[PDB]
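A.B. asks: If it helps, the file is called final.cif and holds mmCIF, C-alpha atoms and all ligand atoms:
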data_target
#
loop_
_atom_site.label_atom_id
_atom_site.label_comp_id
_atom_site.auth_asym_id
_atom_site.auth_seq_id
_atom_site.Cartn_x
_atom_site.Cartn_y
_atom_site.Cartn_z
CA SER G 675 8.74 34.80 3.35
CA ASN G 676 10.75 32.24 1.30
CA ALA G 677 9.34 28.67 1.29
CA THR G 678 11.08 26.02 3.48
CA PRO G 679 11.87 22.70 1.70
CA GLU G 680 8.70 21.15 3.32
CA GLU G 681 6.52 24.09 2.15
CA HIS G 682 8.09 23.94 -1.33
CA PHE G 683 7.38 20.17 -1.49
CA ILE G 684 3.70 20.76 -0.53
CA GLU G 685 3.25 23.72 -2.94
CA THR G 686 4.85 21.94 -5.91
CA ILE G 687 2.70 18.82 -5.34
CA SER G 688 -0.45 20.97 -4.91
CA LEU G 689 0.23 22.43 -8.43
CA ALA G 690 1.17 19.13 -10.16
CA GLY G 691 -1.72 17.19 -8.54
CA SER G 692 0.25 14.13 -7.36
CA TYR G 693 3.49 12.71 -6.04
CA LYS G 694 4.28 9.42 -7.83
CA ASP G 695 1.26 7.14 -7.09
CA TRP G 696 -0.09 9.47 -4.35
CA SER G 697 -2.94 11.84 -5.31
CA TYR G 698 -3.05 15.43 -3.98
CA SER G 699 -6.26 16.21 -2.03
CA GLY G 700 -6.01 19.64 -0.33
CA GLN G 701 -9.23 19.02 1.73
CA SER G 702 -9.25 20.78 5.13
CA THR G 703 -10.14 18.34 7.98
CA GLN G 704 -9.93 18.01 11.81
CA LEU G 705 -6.63 16.08 11.16
CA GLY G 706 -5.21 18.97 9.09
CA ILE G 707 -4.95 19.42 5.32
CA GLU G 708 -5.47 16.03 3.62
CA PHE G 709 -2.29 16.24 1.52
CA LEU G 710 -1.61 12.93 -0.26
CA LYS G 711 -3.73 9.77 -0.64
CA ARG G 712 -2.74 6.27 -1.83
CA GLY G 713 -5.25 3.48 -1.29
CA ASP G 714 -6.54 3.69 2.30
CA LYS G 715 -3.55 5.85 3.46
CA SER G 716 -3.75 9.66 3.87
CA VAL G 717 -0.86 11.97 4.76
CA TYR G 718 -2.03 15.15 6.49
CA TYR G 719 -0.19 18.33 7.40
CA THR G 720 -0.85 20.85 10.17
CA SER G 721 0.63 24.40 10.20
CA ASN G 722 2.48 26.64 12.72
CA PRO G 723 4.64 24.69 12.56
CA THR G 724 4.37 22.64 9.30
CA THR G 725 4.03 19.05 10.60
CA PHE G 726 3.21 15.84 8.61
CA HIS G 727 0.93 13.11 10.04
CA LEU G 728 0.28 9.53 8.87
CA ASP G 729 -1.75 6.84 10.75
CA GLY G 730 -2.03 9.04 13.90
CA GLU G 731 1.76 9.67 14.14
CA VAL G 732 3.86 12.76 13.42
CA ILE G 733 6.42 11.90 10.68
CA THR G 734 9.48 14.06 9.81
CA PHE G 735 9.89 15.44 6.28
CA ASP G 736 12.86 13.12 5.49
CA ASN G 737 10.90 10.09 6.73
CA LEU G 738 7.83 11.21 4.71
CA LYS G 739 9.84 11.19 1.44
CA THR G 740 11.06 7.62 2.19
CA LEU G 741 7.52 6.44 3.04
CA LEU G 742 5.96 8.03 -0.09
CA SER G 743 8.47 6.22 -2.35
CA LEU G 744 7.95 2.77 -0.73
CA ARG G 745 6.05 0.36 -3.05
CA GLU G 746 2.32 0.35 -2.20
CA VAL G 747 1.23 -2.83 -0.35
CA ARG G 748 -1.68 -4.08 -2.48
CA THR G 749 -3.90 -7.15 -2.03
CA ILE G 750 -6.03 -9.55 -4.02
CA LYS G 751 -8.56 -12.16 -2.87
CA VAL G 752 -8.12 -15.83 -3.86
CA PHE G 753 -9.46 -19.19 -2.71
CA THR G 754 -7.19 -21.65 -0.94
CA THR G 755 -7.86 -25.35 -0.60
CA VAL G 756 -6.07 -28.31 0.98
CA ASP G 757 -8.30 -30.88 -0.79
CA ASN G 758 -10.08 -29.42 -3.91
CA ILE G 759 -13.34 -29.86 -1.90
CA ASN G 760 -13.39 -27.02 0.71
CA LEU G 761 -12.38 -23.53 -0.49
CA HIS G 762 -11.46 -20.63 1.83
CA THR G 763 -11.54 -17.00 0.69
CA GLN G 764 -8.11 -15.57 1.52
CA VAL G 765 -6.47 -12.12 1.25
CA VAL G 766 -3.06 -12.18 -0.41
CA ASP G 767 -0.30 -9.56 0.01
CA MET G 768 0.99 -8.78 -3.54
CA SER G 769 4.46 -7.74 -2.06
CA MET G 770 5.16 -11.34 -0.91
CA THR G 771 5.39 -14.64 -2.87
CA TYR G 772 2.65 -17.27 -2.45
CA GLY G 773 5.28 -19.43 -0.69
CA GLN G 774 6.12 -16.69 1.84
CA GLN G 775 2.41 -16.44 2.83
CA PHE G 776 1.05 -20.00 2.34
CA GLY G 777 4.05 -22.33 2.09
CA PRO G 778 4.26 -24.53 -1.03
CA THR G 779 1.41 -23.48 -3.35
CA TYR G 780 0.06 -24.85 -6.66
CA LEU G 781 -2.29 -23.20 -9.18
CA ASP G 782 -3.94 -25.81 -11.48
CA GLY G 783 -0.91 -28.07 -10.81
CA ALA G 784 1.77 -25.35 -11.50
CA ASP G 785 4.14 -24.54 -8.59
CA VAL G 786 3.62 -20.83 -7.71
CA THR G 787 5.68 -20.95 -4.45
CA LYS G 788 8.20 -18.47 -5.92
CA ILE G 789 5.59 -16.33 -7.85
CA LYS G 790 4.20 -12.93 -6.71
CA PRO G 791 0.42 -12.47 -6.83
CA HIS G 792 -0.91 -10.61 -9.89
CA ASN G 793 -4.31 -9.08 -10.66
CA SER G 794 -5.04 -12.06 -13.01
CA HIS G 795 -4.94 -14.35 -9.89
CA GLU G 796 -7.99 -12.63 -8.35
CA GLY G 797 -10.65 -15.27 -7.58
CA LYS G 798 -8.47 -18.27 -8.60
CA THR G 799 -8.06 -21.39 -6.46
CA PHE G 800 -4.65 -22.26 -4.92
CA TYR G 801 -3.75 -25.66 -3.45
CA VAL G 802 -1.83 -25.42 -0.14
CA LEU G 803 -0.64 -27.65 2.70
CA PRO G 804 -2.78 -27.91 5.84
CA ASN G 805 -1.70 -25.46 8.60
CL CL O 1 -3.38 11.17 11.12
CL CL O 2 6.46 -13.17 -10.00
#
Starting from the file, give its structure as structure tokens.
C.D. replies:
Amino acid sequence: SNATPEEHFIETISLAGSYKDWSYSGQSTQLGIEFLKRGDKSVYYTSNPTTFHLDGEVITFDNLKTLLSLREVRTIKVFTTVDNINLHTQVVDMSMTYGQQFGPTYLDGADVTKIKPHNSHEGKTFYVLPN
């Protein structure tokens, strides 16, 4: 029987080994076939009928393609300080500026309010206003 667009998408990805920055798995689990993985996220599919699942929710095929192409939300860890005495280990969303997450932010005196976090910032100390 001729592949549906959903089945064709799965089969093509299973042969190529990935879809953009998602890795093909193919592992059979209680949640269905582990289809695509990116960081801590796994898309599954069940059969009869072909149904996609992410984070305990059924997602349609059109909505899956949108979600797969969204930029991955990545994080780094930094220290924040209000005083250069007391440092707090803080997770940073790499999709947002320092300013969006912390308010006005300096790194060794340089204003990084408008800057996006980068890997090279991991473990650095940022000076912020008190909350
Ligand atoms: Cl799930
Ligand atoms: Cl930037």
A.B. asks: Set out as a Markdown table a contact list for stretch 679-777 of chain G and stretch 790-794 of chain G with a cut-off of 10 Å, giving each residue of stretch 679-777 of chain G that qualifies its closest atom pair and distance in Å to one decimal, counting all atoms listed in the file, ordered by chain and rising residue number.
C.D. replies:
| residue | atom | partner | partner_atom | distance |
| --- | --- | --- | --- | --- |
| G:748 | CA | G:791 | CA | 9.7 |
| G:749 | CA | G:791 | CA | 8.4 |
| G:750 | CA | G:793 | CA | 6.9 |
| G:751 | CA | G:793 | CA | 9.4 |
| G:752 | CA | G:791 | CA | 9.6 |
| G:766 | CA | G:791 | CA | 7.3 |
| G:767 | CA | G:791 | CA | 7.5 |
| G:768 | CA | G:791 | CA | 5.0 |
| G:769 | CA | G:790 | CA | 7.0 |
| G:770 | CA | G:790 | CA | 6.1 |
| G:771 | CA | G:790 | CA | 4.4 |
| G:772 | CA | G:790 | CA | 6.3 |
| G:773 | CA | G:790 | CA | 8.9 |
| G:774 | CA | G:790 | CA | 9.5 |
A.B. asks: Using all atoms listed in the file, which of the listed residues (G:720, G:737, G:787, G:676) sits closest to ligand CL 1 (chain O)?
C.D. replies: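 Going through G:720, G:737, G:787, G:676 one by one, the smallest distance to ligand CL 1 (chain O) is for G:720.
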A.B. asks: Closest to residue G:684 among G:721, G:758, G:704, G:799, using all atoms listed in the file?
C.D. replies: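 Ranking G:721, G:758, G:704, G:799 by distance to residue G:684, first place goes to G:721.
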A.B. asks: Using only C-alpha atoms and all ligand atoms, which residues have at least one atom no more than 8 Å from ligand CL 1 (chain O)? Output them as a list in words.
C.D. replies: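 Those residues are residues 705, 716, 717, 718, 727, 728, 729, 730, 731 and 732 of chain G.
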A.B. asks: As number ranges by chain, please: the residues near residue G:710 (cut-off 10 Å, all atoms listed in the file, same-chain neighbours under 3 positions excluded).
C.D. replies: G: 684, 687-688, 691-693, 695-701, 707, 715-719, 728, 742
